[PDB]
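Structure first, then comments.
Coordinate-derived values only; no laboratory data. Methodologically, a virtual Cβ is constructed for each residue, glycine included, from the backbone with ideal geometry; neighbour enumeration extends over all protein chains shown.
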Amino acid sequence: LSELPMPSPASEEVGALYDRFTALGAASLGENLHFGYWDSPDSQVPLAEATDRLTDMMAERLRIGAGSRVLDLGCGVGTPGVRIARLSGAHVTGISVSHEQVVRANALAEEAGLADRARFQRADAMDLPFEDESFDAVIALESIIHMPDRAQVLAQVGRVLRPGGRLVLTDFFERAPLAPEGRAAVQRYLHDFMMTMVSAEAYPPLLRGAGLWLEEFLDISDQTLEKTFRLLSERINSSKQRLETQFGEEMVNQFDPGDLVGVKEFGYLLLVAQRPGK
Amino acid sequence: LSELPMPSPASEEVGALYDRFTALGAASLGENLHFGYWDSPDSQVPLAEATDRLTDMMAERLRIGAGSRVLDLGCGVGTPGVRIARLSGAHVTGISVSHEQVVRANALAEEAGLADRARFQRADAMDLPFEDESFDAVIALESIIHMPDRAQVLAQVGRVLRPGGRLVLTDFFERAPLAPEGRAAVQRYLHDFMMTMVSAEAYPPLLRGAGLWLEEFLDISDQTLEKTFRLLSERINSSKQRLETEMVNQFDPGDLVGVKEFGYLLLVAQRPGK
Ligand SMILES: Nc1ncnc2c1ncn2[C@@H]1O[C@H](CSCC[C@H](N)C(=O)O)[C@@H](O)[C@H]1O
Ligand SMILES: Nc1ncnc2c1ncn2[C@@H]1O[C@H](CSCC[C@H](N)C(=O)O)[C@@H](O)[C@H]1O
Ligand SMILES: COC1=C(C)C(=O)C2=C(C1=O)[C@@H](COC(N)=O)[C@@]1(OC)[C@H]3N[C@H]3CN21
């Protein structure tokens, strides 16, 4: 339960960060700023494809259709959100704290001919500028991790969620006590990208506080963490002489995940909760 | 969290409780003692198939093939266990605390041609008579609720489970504080059947307290409890009216339909390794 100290991040500073590193940040991982998912560690499926997979299994738990209002916490550069709009015909209002993101994403929407179905705007998940009960579902795809007060953000979502709506999020967590051999690389990731791990036993009281019932906790670490890490550090270290223009000698080393393969009590989780009603 | 009084079962008393049930003909040969599971509240699958469906749902989570040794932690009349051995070819070893249960469990495996692959014995989960690291998987289908201490039963399962093996259980829990108009029927159910609820935040500690990382927590309440109690009540009521040719205090379980905060959980925890 924070056996390692944690960065305690500030949402507007988070925006400063993505503003910095969604620029040659797309040229390293690509368009989906979240983990990939594979059926077993041996899979040969490109990361491109496997990240879309996680979008999809999180989208599916939203349980939406054409003409569903959906809230995209932490919209990224637009790709997972534009995807849900194009594929499901639901309407997606998405929020980010970085200006450079909210622009790239309106653009993705605009180039998909879906600017009326998928609008992206600047707002703070700690203060949601939306009438109560104006969303059928909320997807927070690798977003809650950067945020200052989980208990409040969840309380914000529980307010906008119509009765019966469902919240689908990812988060980082301690599967059990940290191997000390690796508290380093996690102390470095967690700090260098302004994040925070949580205890699996936190979410239940955490969601009830927000007015939501847990529905599904799922440890997806064995399908998510390593194989991405092996590939992103490999993508990066195949052109580390391209830091000669990217400030990578100062910033891609913070992004290089190779130090995180193997950290076995380091945990990634899928979660779904439901506000009662409907 | 235990806002209602919760009784503390003795594992001897729950055996004495199921002894009386099993030989009353209630828990008869080939019947499941656990909730049915449906996908939609309007789904008209009959009771027997829904109950089999829960059994199958938990079984694949065990992730077993033929040649898997599976512990049936709290096995009743052996219906789920025999079916798991029959459909998987896994050697299943069930344990119960009710002697009159373990008897009819073995008889069911006998009638199936499975007496060699579906074995039952009288034993308390609190003290598993089994070597360390002996089981590829353990399933606790509606059992852990009767037991006197989860953190010990969990430690015991965690002992016998081989590294990599998995634990699948259902359990009761509080979705959210209990509503007054329904604190009544819940308090009666947990006393009359010697059962206890947990906080859902309880489990990841308890499981860690047994050297098991949780893998999957699943509130299945909206699929299980309501249709079952409806279906159960009609029988009880019909039976009473059929006995017109009197006794009218047996806690109609339909006193529980509508108590939306009362929860049914499905859990999958793993022991790291394999
Ligand atoms: N407090 C906050 N309020 C709103 N958005 C936030 C936030 N903290 C972090 N975010 C957003 O969370 C995102 C993390 S990256 C995830 C992006 C998107 N889910 C994708 O998968 O592509 C960033 O876009 C960042 O702006
Ligand atoms: N302390 C304990 N140790 C072992 N088994 C126990 C126990 N307390 C209760 N049980 C068993 O747990 C079961 C609860 S009823 C579930 C029976 C079985 N899953 C079925 O569906 O048919 C009974 O078999 C009961 O005997
Ligand atoms: C390899 O794919 C990525 C994984 C697995 C991450 O955990 C992760 C990102 C990725 O691209 C960053 C996005 O953007 C920048 N700067 O890389 C991010 O931290 C800033 C934001 N979602 C969080 C943490 N994190």
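Using Cα pairs closer than 8 Å and at least 6 residues apart in sequence, work out the relative contact order for the range A:11-274, in percent. The normalised contact order for the range A:11-274 reaches 20 percent. Send over the Kirkwood Rh of the range A:11-274, from the inverse of the averaged 1/r over different Cα pairs, rounded to one decimal Å. Radius from the Kirkwood sum: 18.7 Å.
The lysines whose alpha-carbon is closer than 24 Å to the alpha-carbon of A:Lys264, local same-chain residues fewer than 8 away aside, are A:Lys227, B:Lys274. Legend: Rg and Dmax of the range A:54-182, from Cα coordinates, 14.9, 50 Å. Evaluate E = 1/(1 + (r/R0)^6) for A:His99 and A:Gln152, where r is the Cβ-Cβ distance and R0 equals 25 Å; express this FRET efficiency to the nearest 0.05. About 0.60, to the nearest 0.05. The mean number of partner chain beta-carbon atoms within 10 angstrom of a residue's beta-carbon across peptide A:206-216 is 4.
With semi-axes defined as the square roots of five times the eigenvalues of the C-alpha gyration tensor, the equivalent ellipsoid of the protein assembly as shown measures 46, 27, 20 Å, largest first. Assuming a ≥ b ≥ c are the square roots of the Cα gyration tensor eigenvalues, decide whether the range A:158-278 counts as rounded (a/c under 1.5), prolate (otherwise, with a/b larger than b/c) or oblate. Prolate, since a/c reaches 1.5 and a/b exceeds b/c. Descending by average beta-carbon neighbour count within 10 Å, the peptides B:45-54, B:235-244, B:169-178 line up as B:169-178, B:45-54, B:235-244, the highest first. The local environment of A:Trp213, defined by Cβ-Cβ distances under 12 Å, has a net charge of -1 under the rule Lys, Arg +1 and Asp, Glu -1.
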